[PDB]
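Colleague: coords please:
(2 chains)
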Number of protein chains: 2
Amino acid sequence: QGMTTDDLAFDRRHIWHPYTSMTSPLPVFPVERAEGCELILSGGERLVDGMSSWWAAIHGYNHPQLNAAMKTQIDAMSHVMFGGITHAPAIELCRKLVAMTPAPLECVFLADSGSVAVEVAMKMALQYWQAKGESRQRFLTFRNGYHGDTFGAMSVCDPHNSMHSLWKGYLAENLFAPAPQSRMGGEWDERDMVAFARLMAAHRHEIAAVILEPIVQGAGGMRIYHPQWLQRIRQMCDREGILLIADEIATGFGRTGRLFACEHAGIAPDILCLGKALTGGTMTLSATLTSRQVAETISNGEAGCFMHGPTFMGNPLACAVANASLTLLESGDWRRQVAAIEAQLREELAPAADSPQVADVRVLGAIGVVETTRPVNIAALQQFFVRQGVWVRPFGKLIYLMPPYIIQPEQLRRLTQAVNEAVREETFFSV
Amino acid sequence: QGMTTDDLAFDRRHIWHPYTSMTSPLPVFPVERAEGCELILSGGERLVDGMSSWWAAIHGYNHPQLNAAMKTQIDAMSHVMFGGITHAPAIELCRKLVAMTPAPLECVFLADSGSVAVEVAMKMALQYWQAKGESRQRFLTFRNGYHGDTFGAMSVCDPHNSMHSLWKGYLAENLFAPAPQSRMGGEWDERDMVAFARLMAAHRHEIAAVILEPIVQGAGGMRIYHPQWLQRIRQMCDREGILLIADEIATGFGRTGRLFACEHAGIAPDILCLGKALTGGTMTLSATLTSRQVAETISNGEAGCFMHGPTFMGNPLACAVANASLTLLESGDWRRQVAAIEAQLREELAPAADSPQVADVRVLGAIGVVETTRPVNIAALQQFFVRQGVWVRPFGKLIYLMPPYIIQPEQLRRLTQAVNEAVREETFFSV
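Modeller: Residues are numbered from 1 along each chain as shown, chains lettered A, B, ... in the order given. Right below this line is the structure:
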């Protein structure tokens, strides 16, 4: 649908966009429709989508199977409350999630958004120790991590990124080990592994859980680390009895080349958070799974229950489109498509590493990252990308690609070629 | 869609429902479809819905205008990212919200769920004072209130209800004035008003905002208080420069008899949170509106922006069905329908007040509350209600009704008659 000149001014003057200023917002672009792997602007220009609307749209846009599953569930009921009620979409979705996740995970808590799913996992960890009579209130994690924007999640986000300086006096105080990415190109710094274990052993009676994003640290820097980290952290947790929360809201459903990034290490978390691509990026839904032991334990405390329940919990429409999205993944095609994207990204982004504006090129699965030596000029780059017929949304010192799995070769070539051109243009960087 | 015997056992064994135990959950009922004001169970029994799926389904179920608006937007695009992008559903929705809300409210932050909308409002208040160079980290509120389940919202929830005893060591410490409901039937206790003002004046340099649910306190007790509270709190805030956050996630869009419960007092908050009935209860969406002064101020600090941005922010599908829901309210019929429901609830619930199991009957708008002297036996009552052909979900000491605005007379009579019968049956109460 059409937008007037006055509509676009009203948006600028009244409508917040993610992490924007209301006094001096950068321009936005008017999208009318989306089809396959393309966004369609007012006036008809089509942009190849390089971002999958931030991870989630792994099957692209206007997918006929996802559309049909939504309209079918609307005909039955788009929503009914989940208190004292169950329904077929939630049951099928939770069957599918239990069946496809690492083996100890048996119990599913459906929720609205990724941030809430993390809050839920944190609350579960705290109720777990409360049922066991211990006062454990601290979470141990990596630097460079990202877990959401609500206050609980913010307290495990990296203490320089989320500007903790402003909320530190309000935000709960957690434990932050060295970032896992090696300091100079190696697989991992054993020193960083030893330093993680020292922090854990030093606070082992205060730590409720370790929380981390497995293999890829997303919004905190698109950083990629070795799976030895996960096998070793899993062993440490097992030795202490501490819970392991895996935040796969970004990595889940195939994007790093395995269905769940935990599979890279062959470990199972005690609590697993999912979101984003769960619905094929059609609408918001999240899920937090736990082991039987965790769920029974948090059923044993003085709570009598797990103390959480969103109004739209179990929403039939979102469950029904998540089911159709998961059914698309059951073809198994994603695993091959993602491997071929990975190989093309590695080959076509390599020339960028020669640029003086570029500090690193790194690829895993269908994630291609060009880390720059200076912050990007977002407005100038966005205009350039749109002029080239593509949609790429950089931030900070990162120009990165996470396209839909069904992207065609020439569409992906247009993305990598645009990125290579962008890093040669000094005007596209700030100071 | 159909559920097998084995599906229902899998739900019991694997699927959390709101505030449930995984070890001893109460039974749930299998819903296949919903139409008009009725839920349809497996096997075909139809239940009159007394709850509107917890506030939100004000137009009932399977509404043809809401269905058509969803399918139309699916054909265009169900979702695209909002970072650097705008679209027609978000613009129309934000135009409608600005136009219909109290006059200073001009800027709209769209989000995923009610809890996140509250977190957003709290973050806005904190960034506001940070931009003004003051360290204000405390929130002042009423006892008996409810604002959501994430950690930030939990810290303004009533300190006995949400079991703060478990999170108090993790949860931020806020200020809690006497509950507003009068102690013995009057309109208000001036002493409680004086005590609120003393707490504010005693901490006036630490208080970032007052947050409250206007007129009706929902999950914290379905309590109803006089509008003099709002006019006086608004005056106090104005005198100190303190922000007023109105949480209308439950009261917004007509349920208390006015479009927004703030209109009962004729006051405007600095920040207004909306949710639930926003989409007609078809799927989750929230919105937090602010004044121009707040938005520019939180654009002035060291942040450079408002530090929040959900992945599905601005979701076109949810915006499009919220637009259709708001267009239904533009008929103005809701205001008359709600007044007639109020009058029927008052007349038909009055006999319940004679019961020894009952402590109070209170009605406002399309909300009818029977407060009991002992906690309900939820399992036994739920079975009774379903046997009577209705859906009523009590909790604690509350049996209450919040039906869709389009409920028919005989449907509402069946609800009130079931409630009257339930409070005469000692078996339906626990110890």
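Colleague: and what about residue A:47, helix, strand or coil?
Modeller: Under DSSP: H, G, I helix; E, B strand; the rest coil, the three-state class of residue A:47 is strand.
Colleague: again with residue A:290
Modeller: Residue A:290 is classified as strand under three-state DSSP.
Colleague: isn't it right up against residue A:268?
Modeller: No. In this structure residue A:290 lies outside contact range of residue A:268 using CB atoms under 8 Å: 11.2 Å. Quick note: C-beta positions are derived from backbone N, CA and C, even for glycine.
Colleague: which residues of the stretch 301-431 of chain A lie near chain B?
Modeller: Residues of the stretch 301-431 of chain A lying close to chain B (CB under 8 Å from any CB of the partner chain) are A:301-315, A:317-318, A:321, A:378, A:382, A:393.
Colleague: identify the contacts common to residue A:290 and residue A:268.
Modeller: residue A:105 (CB atoms under 8 Å, 6 or more residues apart in numbering or on different chains).
Colleague: those two: which is more packed in?
Modeller: residue A:290 (30 against 18; other CB atoms under 10 Å in any protein chain shown).
Colleague: tell me the spacing between the more buried one and chain B.
Modeller: 9 Å (CB to the nearest CB, to the nearest Å).
Colleague: mind listing the strands for the stretch 51-200 of chain A?
Modeller: In the stretch 51-200 of chain A, the segments counted as strands under DSSP state E, counting those that start in this stretch are A:85-86, A:105-111, A:138-142, A:175-177.
Colleague: okay if I get these as a markdown table plus mean neighbour count and distance to chain B?
Modeller: Formatted as a markdown table, the strands of the stretch 51-200 of chain A follow (neighbours: other CB atoms under 10 Å in any protein chain shown; distance: least, CB to the nearest CB, whole Å):
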| stretch | mean neighbour count | distance to chain B |
| --- | --- | --- |
| strand A:85-86 | 23 | 5 |
| strand A:105-111 | 26 | 4 |
| strand A:138-142 | 23 | 9 |
| strand A:175-177 | 19 | 14 |
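Colleague: of all the ones you listed, which one comes closest to residue B:411?
Modeller: Among the strands of the stretch 51-200 of chain A, the nearest to residue B:411 by CB to CB is strand A:85-86 (18.6 Å).
Colleague: so which elements touch the closest one?
Modeller: The criterion is 3 or more CB pairs under 8 Å, 6 or more residues apart in numbering or on different chains; DSSP states H and E, and the helices and strands that strand A:85-86 contacts are strand B:29-35.
Colleague: and the strand it packs on, which strands flank it?
Modeller: strand A:85-86 (parallel), strand B:38-41 (antiparallel) (DSSP bridges).
Colleague: any chance of TSV for the ones you listed, columns distance to residue B:417?
Modeller: Formatted as TSV, those follow (distance: least, CB to CB, whole Å):
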stretch	distance to residue B:417
strand A:85-86	22
strand B:38-41	17
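Colleague: for residue B:164, find the nearest of those.
Modeller: strand A:85-86 (29.0 Å).
Colleague: and the contacts of the closest one?
Modeller: For strand A:85-86, using CB under 8 Å, 6+ apart, the contacting residues are A:314, B:3, B:8, B:11, B:15, B:17, B:28, B:29, B:30, B:31, B:39.
Colleague: in CSV, list the C-alpha atoms belonging to stretch A:146-159.
Modeller: Presented in CSV, the C-alpha positions along stretch A:146-159 are these (Å, rounded to 0.1, in the frame of the first residue of the first chain):
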residue,chain,number,x,y,z
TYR,A,146,23.8,-9.6,23.0
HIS,A,147,20.6,-11.0,24.5
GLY,A,148,17.9,-8.3,24.0
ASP,A,149,16.6,-4.9,25.2
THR,A,150,14.5,-5.6,28.2
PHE,A,151,16.2,-4.9,31.6
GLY,A,152,17.0,-8.6,32.5
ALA,A,153,18.5,-9.3,29.1
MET,A,154,20.4,-6.0,29.1
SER,A,155,22.2,-7.1,32.3
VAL,A,156,23.9,-10.0,30.3
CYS,A,157,24.6,-7.8,27.3
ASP,A,158,28.2,-6.5,26.9
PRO,A,159,29.0,-3.8,29.5
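Colleague: fine by me, thanks again.
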